[PDB]
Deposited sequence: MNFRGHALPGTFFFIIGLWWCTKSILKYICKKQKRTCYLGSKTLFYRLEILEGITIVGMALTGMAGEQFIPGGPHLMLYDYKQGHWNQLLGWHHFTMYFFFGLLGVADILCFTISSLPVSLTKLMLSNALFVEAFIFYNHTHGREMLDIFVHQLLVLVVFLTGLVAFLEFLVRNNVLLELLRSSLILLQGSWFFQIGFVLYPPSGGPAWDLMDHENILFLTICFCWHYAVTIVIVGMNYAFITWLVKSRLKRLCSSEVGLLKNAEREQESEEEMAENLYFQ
């Protein structure tokens, strides 16, 4: 189960890094005088097509991996992950269609993303039924992060071309990935032996501070990525 928690963390980390890099590069191209390094739009179209294809492929891979099998109910918990992966694949297909046919509005993709996020949150609001207070609290924090990311995505859809909103969305995605890794490390330690008790208000207090530190680290990572891309553009110019 540790791998099952860790894989989405890597996926979200990669997606957030790619989106942040794309947004910074687009802003730099807008600031750019001409098509010397980034003005070409065919490169952007190819990057969008590749992004959609990779999202669809990752969704399919996650769906296949989660489903162990290639009038009753069994292993019902995996169907939630199945549905989440299906929604992300629908988002990828919608992005591919939008960037393939010019008639469809560009922002539609963003809308789809928001929808997917909301769906995920809804599922995570009911995925846990029993279990201990620590697990419940951690899953509620994950739900809060997903809901905030969905709200930010919807607001970005409403307001066209907001670089700060895109950076905030990327930071939230990175925070979600880091928190998924934290969930994995806490619930299923790789050391083999349990380390954190499931009933400790001290653990809850420490987890709150850890979540805040993760958010701060994601903000710092976004800033460092912006600085690195600026340095690379300056060196290229």
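Residues of the deposited sequence with no modelled C-alpha atom fall in the ranges 1, 72-83, 251-281.
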